[PDB]
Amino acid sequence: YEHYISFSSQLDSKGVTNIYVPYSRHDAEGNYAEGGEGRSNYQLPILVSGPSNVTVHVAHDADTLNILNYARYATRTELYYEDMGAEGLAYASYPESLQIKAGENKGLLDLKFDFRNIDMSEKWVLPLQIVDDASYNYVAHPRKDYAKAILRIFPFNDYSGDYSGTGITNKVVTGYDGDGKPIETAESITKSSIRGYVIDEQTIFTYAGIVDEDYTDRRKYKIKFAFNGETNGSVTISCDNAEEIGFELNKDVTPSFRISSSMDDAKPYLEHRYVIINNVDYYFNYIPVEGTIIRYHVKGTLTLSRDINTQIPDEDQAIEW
């Protein structure tokens, strides 16, 4: 036994679980609970069937992640989920052993996180497994899919998640008129969903225009959004490799944001929180192959909605992701 062999036929069309973890863990008063800015945790449930004490053994499972990466992306390693639990990384820690009380059917594995300076360009995943052994007073679920957890970790701040891209247009700069003003395409490419990734508490990034997570060249196109306020204020839009991708902000108006709430009609305990970013206006060059330059004009409004179920008073736990 020990080794299962199969042809690239793996149920790894499924397998990654999305887990949302606050970038910073704090109390209702806003003081840091896990040691500061970018320090957080996540209580991961472990279910147990059957009247004695059970010690559950949990371990890093780089193997399942490797199978999943090859099954999902083959040769395109630039798109692989990156192993957050790899040797030497200091993003995540967890106990290798968990005790379950005699008559309890659950236990919580406390995952600790240090998201400081994480580059969310890497599709960071924490792969875990329930360890099986003859010594142990238990068995990992026969359905290997249940005894394994491939966790796509998303830190979140007040401004991150999957924004609607409905208010953003993407036009191609065709040339320049007599006045030097850009000639642009009439038609627009609309990205219905734009993922806003955490950098720190007041900063996210998006990929430039139509670029997204499934682009092997992603990392060349990160656009930073810094929120210069808590619930309203200006936004600083920047690009660390501006010169490379010919990044240019429109200097006429400065972008701004506002956070606002609305009650649900059906469930009046459910609150819709919105992050609205106005006057996003920038230009950049997308380079599919060397010598081919497609200059895009990205412009409009970004809107993020977050549903808060107030039947949970933790706020960090109340989110309906």
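Numbers for residues come from their place in the sequence shown, where the first is 1.
Chemist: According to the PDB entry, how many deposited residues between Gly50 and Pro51 are absent from the model (none, 1 to 3, 4 to 9, 10 or more)?
Modeler: Some 4 to 9 residues are missing between them.
Chemist: Which has the higher mean CA temperature factor in the PDB entry, 90 to 98 or 140 to 148?
Modeler: Result: 140 to 148.
Chemist: With reference to the PDB entry, specify whether the mean Cα temperature factor is higher for 70 to 78 or for 219 to 227.
Modeler: That would be 70 to 78.
Chemist: I'd like to know which of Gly209, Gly103, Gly196, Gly107 has the highest C-alpha temperature factor in the PDB entry.
Modeler: Answer, based on the entry's C-alpha B-factors: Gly103.
Chemist: Highest Cα B-factor in the deposition, which of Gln129, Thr236, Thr190, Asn232?
Modeler: That would be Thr190, according to the entry.
Chemist: Sort the modelled residues of this chain by their C-alpha B factor and say whether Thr301 lands in the lowest, middle or highest third.
Modeler: Bottom third by C-alpha B-factor.
Chemist: Among the modelled residues of this chain, does the Cα B factor of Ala134 put it in the lowest, middle or highest third?
Modeler: Highest third of the chain for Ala134's C-alpha B-factor.
Chemist: Name the third of the chain's ranked CA B-factors that contains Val275, choosing lowest, middle or highest.
Modeler: Answer is lowest: the recorded C-alpha B-factor places it there.
Chemist: Relative to the other modelled residues in the chain, which third contains the C-alpha temperature factor of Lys171: lowest, middle or highest?
Modeler: CA B-factor rank for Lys171: middle third.
Chemist: Sorting by Cα B-factor within the chain, modelled residues only, which third would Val21 end up in: lowest, middle or highest?
Modeler: Its C-alpha B-factor belongs to the lowest third of this chain's values.
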